[PDB]
Amino acid sequence: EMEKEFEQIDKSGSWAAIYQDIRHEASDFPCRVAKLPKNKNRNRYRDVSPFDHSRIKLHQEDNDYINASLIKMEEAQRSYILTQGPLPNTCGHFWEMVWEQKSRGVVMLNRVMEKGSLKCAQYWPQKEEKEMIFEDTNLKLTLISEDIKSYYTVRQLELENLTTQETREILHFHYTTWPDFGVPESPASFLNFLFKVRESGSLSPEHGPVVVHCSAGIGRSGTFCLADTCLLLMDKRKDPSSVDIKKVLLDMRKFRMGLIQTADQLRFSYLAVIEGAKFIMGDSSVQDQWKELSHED
Ligand SMILES: O=C(O)COc1c(-c2nn[nH]n2)sc(-c2cccc(NC3CCN(S(=O)(=O)Cc4ccccc4)CC3)c2)c1Br
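Next up on the list: the site of the ligand. Around the ligand lies a shell of 22 residues, among which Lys 119, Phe 181, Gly 258, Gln 261 and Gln 265 are the nearest. Within the side chain of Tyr 45, an N or O atom sits 3.2 Å from a nitrogen atom of the ligand. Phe 181 places a polar main-chain atom, nitrogen or oxygen, 2.8 Å from an oxygen atom of the ligand. In isolation the ligand exposes 820 Å². Once the protein is present, 80% of that is buried. Across the shell around the ligand, the residue classes break down as 8 nonpolar, 6 polar and 8 charged.

Dropping the structure here:
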């Protein structure tokens, strides 16, 4: 049981050992397409690639490659697409994926610039009056509105297939205070954000998988999905004791490498899930409490 295991690990200060064990047991599948010479400029990080078996394929005869993985959690019955922060030359590909996969929401866990470097291209319009057109994939993107909070922003975007003139509303959930290789300020601020994404309906099975990304698409992105999947599993069975966090993380890693980067991000996952369990099991006060502690106002 997670809570007992958590204290058992904290007591013996063995998170590093526990975390390394996961790395040692993680699935190792080929990433041949990602390593093809022609795709070199489509990858942000040389050592972070999507496995061939679970990679998202763009629907274009030219090059169907994009650094993005479909994490399909069979038992939990929820899917996510984890991808790297789009590059100046892959923003059109990024949105093409969102369209073809019928995604309703996009979760961004990083900032365009962090530690003085560009960890993600400016792939969405910052001003209503200046919409964006991706000529290579023939898509139009317009900012419709945005709700700015203290540590996160929610934007309503309109994505249009210039080819068919069809349009869709895309919700953009932007967590702006989660440091690279770091953890959220507190379980409360993280859960407050997750529940926001959840309440939008973006994770519903009626929609395509939500797109989740940070810079590499595995650290913060992995932490986010692991916590959400664990809470979902627990929610399906209304039994917090039935969830094996490490086991779920390993199953997730069968679809994309390196999910969760530091021992602390893993430790934070336990923290978020344990606290989230309160809501799952009937506590209708914790949500408001998280909102308070988050200081989003
Ligand atoms: O979001 C965050 O918190 C941080 O975001 C990241 C970065 C960032 N910089 N600036 N902003 N964000 S860089 C980065 C990175 C790039 C290249 C290699 C890395 N390290 C590797 C460590 C070992 N593995 S592995 O998957 O364990 C290898 C493996 C594969 C299969 C089976 C067993 C083992 C791959 C990643 C890690 C991450 Br993640």
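We now examine the sheet that holds strand β9 (residues 152-161). Strand order in the open sheet formed by 9 strands is β1-β2-β3-β11-β4-β10-β9-β8-β7, with mixed pairing between adjacent strands. Of all the strands in the sheet, just β1 (55-57) and β7 (132-134) have a single pairing partner and so form its edges. With direction set aside, neighbouring strand axes in the sheet form an average angle of 30°. Alignment of β9 against strand β10 (residues 166-175), held across 10 bridges, turns out to be antiparallel. For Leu 157, the partnering residue across the bridge sits in β10 and is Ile 170. Here helix α4 (residues 187-199) sits on the sheet and contacts β3 (78-83), β4 (105-108), β9 and β10; the angle it forms with β10, its principal contact strand, is near 170°.

This brings us to the packing of α4 against helix α5 (residues 220-237). Contact pair α4 / α5: the axes reach a minimum separation of 11 Å and the direction vectors enclose 70°. By the angle class used here, α4 and α5 are roughly perpendicular. For the pair α4 and α5, the contacting residues are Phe 190, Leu 191, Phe 193, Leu 194, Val 197 and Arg 198 in the first and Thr 223, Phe 224, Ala 227, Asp 228, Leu 231 and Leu 232 in the second. Across the contact of α4 with α5, the residue classes break down as 9 nonpolar, 1 polar and 2 charged.

Phi at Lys 102 is positive, roughly 60°, even though this residue is not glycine. Residue position: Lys 102 is located in the loop between α3 (91-100) and β4. Phi at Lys 238 takes a positive value of approximately 45°, unusual for a residue other than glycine. Checked against the element boundaries, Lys 238 lands in the loop between α5 and α6 (245-252). With relative accessibility at 46%, the residue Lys 238 sits in the partly exposed group.

So, about the environment of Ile 66. Structurally, the position occupied by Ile 66 is in strand β2 (residues 65-73). Under the relative-accessibility criterion, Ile 66 is labelled buried at 5%. Each C-alpha atom, one on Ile 66 and one on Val 33, is 9.6 Å from the other, the two residues being 33 residues apart in sequence. Residues in contact with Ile 66, not counting those within four places in the same chain, are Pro 50, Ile 56, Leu 58, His 93, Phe 94 and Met 97.

On to the nonpolar core. If you look at the biggest cluster of nonpolar residues, it comprises 64 residues, and the most contacted ones within it are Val 107, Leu 109, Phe 190, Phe 193, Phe 224, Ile 245 and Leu 266. Not counting residues up to four positions away in its chain, the partners in contact with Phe 190 are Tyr 175, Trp 178, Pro 184, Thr 223, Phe 224, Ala 227, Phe 268 and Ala 272. Counting 27 residues, the second-largest nonpolar core is a separate cluster that includes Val 106, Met 108, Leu 157 and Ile 170.

Summarizing the sequence annotation, UniProt attributes the feature "binding site: substrate" to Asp 180, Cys 214, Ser 215, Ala 216, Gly 217, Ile 218, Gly 219, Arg 220 and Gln 261 in the numbering used throughout. These annotated residues cover 82 residues of sequence, and their C-alpha atoms lie no more than 12.2 Å from one another, placing them together at a single site. Here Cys 214 is to be found in the loop between β11 (210-213) and α5. Setting aside its immediate chain neighbours within four residues, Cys 214 contacts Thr 83, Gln 84, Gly 85, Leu 109, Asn 110, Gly 219, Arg 220 and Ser 221. Structurally, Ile 218 can be placed in the loop between β11 and α5. Those residues in contact with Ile 218 that sit more than four places away from it in its chain are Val 48, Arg 256, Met 257, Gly 258, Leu 259, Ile 260 and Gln 261.

Quick look at the pairing of β3 now. The buried fraction of β3 amounts to 5 of the 6 residues, a majority that puts the element mostly inside the structure. A loop of 4 residues connects β2 with β3, the two strands running antiparallel in sequence, and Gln 77 in this loop sits at a positive phi of about 65°.

Structurally, the position occupied by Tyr 80 is in strand β3. Here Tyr 80 falls in the buried class, since its relative accessible area comes to 0%. Sequence separation between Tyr 80 and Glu 3 is 77 residues, and the spatial gap between their C-alpha atoms is 26 Å. Leaving out residues up to four positions away in the same chain, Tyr 80 has contacts with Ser 69, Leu 70, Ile 71, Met 73, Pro 209, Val 210, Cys 225, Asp 228 and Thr 229. At 2.5 Å, the side chain of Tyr 80 forms a polar contact with the side chain of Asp 228.

Cut-offs used in this document
- Residues numbered from 1 in each chain as written, not as in the entry; some residues may be left out.
- Heavy atoms only, no water.
- Near = heavy atom within 4 Å.
- Polar contact = N/O pair within 3.5 Å; in protein donor to acceptor, adjacent residues only side chain to side chain.
- Areas by Shrake-Rupley, 256 points an atom, 1.4 Å probe, with all protein chains shown as cover.
- Nonpolar A, V, L, I, M, F, W, Y, C, P; charged D, E, K, R; others polar.
- Pairing = 2+ DSSP bridges.
- Helix = DSSP H or I, 4+ residues; strand = E, 2+ residues; numbered from the N terminus.
- Axes fitted to C-alpha atoms, helices over the stretch in contact; angles between N-to-C directions.
- Contact = heavy atoms within 4.5 Å.
- Parallel < 35°, antiparallel > 145°, perpendicular 65-115°, else oblique.
- Buried < 20%, exposed > 50% of the residue type's maximum accessible area, 1.4 Å probe, protein only.
- Core = buried A, V, L, I, M, F, W, Y, C linked by side-chain atoms within 4.5 Å.
- UniProt positions renumbered as here; feature names shortened; annotations may be inferred.

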